[PDB]
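**Q** Dumping the structure here so I can ask a few things about it.
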Amino acid sequence: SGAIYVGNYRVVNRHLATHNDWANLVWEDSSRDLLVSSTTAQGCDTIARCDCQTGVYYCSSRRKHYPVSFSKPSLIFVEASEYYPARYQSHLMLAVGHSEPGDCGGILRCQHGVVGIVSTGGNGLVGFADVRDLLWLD
Ligand SMILES: CSc1ccncc1NC(=O)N1CCC[C@H](C(N)=O)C1
Ligand SMILES: [Zn+2]
(Lines of atoms letter the chains of each structure in order from A; the text may use other names.)
(Lines give C-alpha, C1' and ligand atoms only; values in the text may rest on other atoms or scores of the structure.)
(Ligands and ions follow the chains in the order given, each with its own letter.)
Protein backbone atom coordinates (compact mmCIF):
# COMPACT_ATOMS: atom_id res chain seq x y z
CA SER A 1 0.00 0.00 0.00
CA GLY A 2 0.92 3.68 -0.34
CA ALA A 3 0.09 6.95 -2.11
CA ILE A 4 1.65 10.24 -3.30
CA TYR A 5 -0.05 13.40 -1.95
CA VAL A 6 0.70 16.44 -4.17
CA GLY A 7 -1.42 19.63 -4.14
CA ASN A 8 -5.07 18.54 -4.08
CA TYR A 9 -4.29 15.15 -5.67
CA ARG A 10 -3.77 11.61 -4.29
CA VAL A 11 -1.87 9.20 -6.66
CA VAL A 12 -2.37 5.47 -6.01
CA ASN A 13 -1.96 2.13 -7.83
CA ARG A 14 -5.18 1.79 -9.85
CA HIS A 15 -5.59 -1.86 -8.66
CA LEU A 16 -5.56 -0.65 -4.99
CA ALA A 17 -7.87 2.40 -5.41
CA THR A 18 -10.67 2.60 -2.84
CA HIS A 19 -14.42 3.36 -3.29
CA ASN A 20 -13.58 6.95 -2.16
CA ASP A 21 -10.78 7.28 -4.79
CA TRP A 22 -13.24 6.29 -7.56
CA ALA A 23 -15.93 8.66 -6.15
CA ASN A 24 -13.42 11.57 -6.35
CA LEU A 25 -11.79 10.43 -9.65
CA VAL A 26 -9.60 12.89 -11.59
CA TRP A 27 -7.83 10.51 -14.03
CA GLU A 28 -7.06 6.78 -14.37
CA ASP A 29 -5.11 4.63 -16.83
CA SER A 30 -5.35 0.83 -16.61
CA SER A 31 -2.34 0.49 -19.00
CA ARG A 32 -0.16 2.37 -16.46
CA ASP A 33 -1.76 0.94 -13.23
CA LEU A 34 -2.35 4.57 -12.06
CA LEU A 35 -5.31 6.42 -10.58
CA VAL A 36 -5.47 10.01 -9.28
CA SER A 37 -8.25 11.25 -7.01
CA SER A 38 -8.98 14.71 -5.53
CA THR A 39 -8.36 15.65 -1.89
CA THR A 40 -9.61 18.47 0.36
CA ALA A 41 -6.29 18.87 2.25
CA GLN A 42 -2.98 20.10 0.71
CA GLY A 43 -0.49 17.31 -0.06
CA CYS A 44 2.93 16.73 1.59
CA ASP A 45 4.93 15.57 -1.50
CA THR A 46 6.71 17.21 -4.55
CA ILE A 47 7.30 15.52 -8.00
CA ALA A 48 10.68 15.14 -9.74
CA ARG A 49 10.93 16.61 -13.26
CA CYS A 50 14.20 14.96 -14.40
CA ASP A 51 15.80 12.02 -16.20
CA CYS A 52 17.34 10.27 -13.15
CA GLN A 53 17.86 6.47 -13.50
CA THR A 54 19.03 5.99 -9.83
CA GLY A 55 17.03 6.58 -6.65
CA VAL A 56 15.81 5.02 -3.39
CA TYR A 57 12.51 3.17 -2.83
CA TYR A 58 10.58 2.14 0.25
CA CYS A 59 10.03 -1.67 0.59
CA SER A 60 7.23 -2.37 3.14
CA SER A 61 7.96 -6.16 3.17
CA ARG A 62 11.40 -5.32 4.67
CA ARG A 63 10.48 -2.06 6.54
CA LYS A 64 13.50 -0.55 4.74
CA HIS A 65 14.60 1.75 1.93
CA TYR A 66 16.88 0.41 -0.81
CA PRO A 67 18.97 2.18 -3.50
CA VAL A 68 18.17 1.19 -7.15
CA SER A 69 19.31 1.68 -10.75
CA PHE A 70 16.17 1.58 -12.96
CA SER A 71 15.38 1.48 -16.66
CA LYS A 72 13.74 4.38 -18.58
CA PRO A 73 9.92 4.30 -18.67
CA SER A 74 8.82 1.73 -21.28
CA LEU A 75 6.17 -0.82 -22.42
CA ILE A 76 6.76 -4.08 -20.49
CA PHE A 77 4.85 -7.34 -20.65
CA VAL A 78 3.16 -8.13 -17.27
CA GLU A 79 1.72 -11.62 -16.58
CA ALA A 80 -2.01 -12.02 -15.68
CA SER A 81 -2.93 -11.40 -12.02
CA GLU A 82 -6.21 -11.29 -10.03
CA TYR A 83 -6.36 -7.56 -11.04
CA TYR A 84 -5.52 -7.53 -14.78
CA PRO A 85 -5.33 -9.85 -17.77
CA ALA A 86 -1.86 -10.53 -19.28
CA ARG A 87 -0.95 -7.20 -21.05
CA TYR A 88 1.70 -4.55 -21.76
CA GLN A 89 2.00 -2.01 -18.97
CA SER A 90 3.27 1.38 -20.21
CA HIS A 91 5.55 3.98 -18.47
CA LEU A 92 7.06 1.16 -16.32
CA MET A 93 10.65 1.21 -15.03
CA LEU A 94 12.40 -1.99 -13.86
CA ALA A 95 15.11 -2.49 -11.32
CA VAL A 96 16.79 -5.29 -9.36
CA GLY A 97 15.46 -5.17 -5.81
CA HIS A 98 13.20 -7.13 -3.46
CA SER A 99 9.42 -6.75 -3.73
CA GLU A 100 6.23 -8.72 -2.85
CA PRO A 101 2.61 -7.85 -3.99
CA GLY A 102 1.81 -5.80 -0.85
CA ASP A 103 4.82 -3.55 -1.63
CA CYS A 104 2.79 -1.75 -4.36
CA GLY A 105 2.47 1.95 -3.48
CA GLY A 106 5.98 2.34 -2.02
CA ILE A 107 7.55 5.59 -3.23
CA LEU A 108 10.69 5.79 -5.41
CA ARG A 109 12.53 9.17 -4.92
CA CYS A 110 15.63 10.73 -6.43
CA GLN A 111 17.38 13.98 -5.22
CA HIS A 112 14.68 16.00 -7.13
CA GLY A 113 11.54 14.52 -5.61
CA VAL A 114 9.08 11.69 -6.19
CA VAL A 115 9.75 9.65 -9.36
CA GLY A 116 7.02 7.00 -9.11
CA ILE A 117 5.45 4.16 -7.09
CA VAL A 118 6.04 0.36 -6.90
CA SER A 119 3.60 -1.35 -9.28
CA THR A 120 5.11 -4.76 -10.35
CA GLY A 121 7.84 -7.24 -9.30
CA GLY A 122 9.03 -10.77 -8.83
CA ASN A 123 12.12 -12.96 -8.47
CA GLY A 124 14.42 -10.16 -7.29
CA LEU A 125 12.89 -7.51 -9.60
CA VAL A 126 10.81 -4.45 -8.71
CA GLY A 127 8.89 -2.27 -11.26
CA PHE A 128 7.84 1.35 -10.73
CA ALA A 129 5.03 3.27 -12.43
CA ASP A 130 6.61 6.63 -13.50
CA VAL A 131 4.73 9.86 -12.65
CA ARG A 132 7.35 12.45 -13.85
CA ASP A 133 5.56 13.04 -17.16
CA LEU A 134 2.24 14.02 -15.44
CA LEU A 135 2.95 17.77 -15.47
CA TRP A 136 -0.60 18.69 -14.42
CA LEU A 137 0.01 17.19 -10.89
CA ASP A 138 1.77 20.52 -10.02
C1 LIG B 1 5.40 -5.49 -6.23
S2 LIG B 1 4.15 -6.43 -7.13
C3 LIG B 1 4.81 -8.07 -7.16
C4 LIG B 1 6.02 -8.38 -6.53
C5 LIG B 1 6.42 -9.71 -6.53
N6 LIG B 1 5.73 -10.70 -7.10
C7 LIG B 1 4.58 -10.38 -7.72
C8 LIG B 1 4.07 -9.09 -7.76
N9 LIG B 1 2.81 -8.79 -8.34
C10 LIG B 1 2.70 -8.07 -9.49
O11 LIG B 1 3.68 -7.74 -10.14
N12 LIG B 1 1.43 -7.77 -9.89
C13 LIG B 1 0.21 -8.00 -9.10
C14 LIG B 1 -0.54 -6.69 -8.84
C15 LIG B 1 -0.77 -5.94 -10.15
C16 LIG B 1 0.56 -5.68 -10.87
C17 LIG B 1 0.37 -4.91 -12.16
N18 LIG B 1 0.86 -3.67 -12.18
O19 LIG B 1 -0.17 -5.43 -13.15
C20 LIG B 1 1.26 -7.03 -11.14
ZN1 LIG C 1 15.94 13.25 -10.37
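Along the chain as shown, residues are numbered 1 onward.
Cβ atoms here come from the backbone N, Cα and C positions, even for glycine.
Found this in Swiss-Prot, in case it helps:
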ACT_SITE  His15  active site, for protease 2A activity
ACT_SITE  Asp33  active site, for protease 2A activity
BINDING   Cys50, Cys52, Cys110, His112  Zn(2+) 1 binding site
ACT_SITE  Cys104  active site, for protease 2A activity
**Q** In the same chain, which residues outside the set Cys50, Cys52, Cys110, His112 have their CB within 8 A of the centroid of the CB atoms that define the Zn(2+) 1 site?
**A** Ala48, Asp51, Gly55, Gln111, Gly113, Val115, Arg132
**Q** Once near-sequence residues are set aside, which residues in the chain of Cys104 (active site, for protease 2A activity), 6 or more away, have Cβ atoms under 8 Å from its Cβ?
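**A** Non-local contacts for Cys104 (active site, for protease 2A activity): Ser1, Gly2, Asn13, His15, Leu16, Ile117, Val118, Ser119.
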**Q** To the nearest whole angstrom, what is the C-alpha distance linking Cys50 (Zn(2+) 1 binding site) and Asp33 (active site, for protease 2A activity)?
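**A** A Cα-Cα distance of 21 Å.
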**Q** Give the subset of the recorded positions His15, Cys50, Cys52, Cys104 lying near ligand 2, defined as CB under 6 A from any of its atoms.
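**A** Near the molecule: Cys50, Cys52.
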**Q** When you measure from each Cβ to the nearest atom of ligand 1, which of the recorded positions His15, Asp33, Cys50, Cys104, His112 fall under 6 angstroms?
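**A** Checked recorded positions vs ligand 1; flagged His15, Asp33, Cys104.
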**Q** For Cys110 (Zn(2+) 1 binding site), which DSSP three-state class applies?
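**A** Strand, per DSSP.
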**Q** Can you name the residues of this chain that are 6 or more positions from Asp33 (active site, for protease 2A activity) yet have a C-beta less than 8 Å from its C-beta?
**A** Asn13, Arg14, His15, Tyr84, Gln89, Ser119, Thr120, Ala129
**Q** Report, as a single number, how many Cβ atoms besides its own are within 10 Å of the Cβ of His15 (active site, for protease 2A activity).
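**A** Counting Cβ neighbours of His15 (active site, for protease 2A activity) within 10 Å gives 16.
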**Q** Please give me the CB contact count at 10 A for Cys52 (Zn(2+) 1 binding site), counting all chains in the structure.
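**A** A 10 Å sphere around the Cβ of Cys52 (Zn(2+) 1 binding site) contains 15 other Cβ atoms.
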**Q** Which of these binding-site residues has the least crowded Cβ, counting other Cβ atoms within 10 Å: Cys50, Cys110?
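**A** Fewest other Cβ atoms within 10 Å, among the binding-site residues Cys50, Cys110, is found for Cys50.
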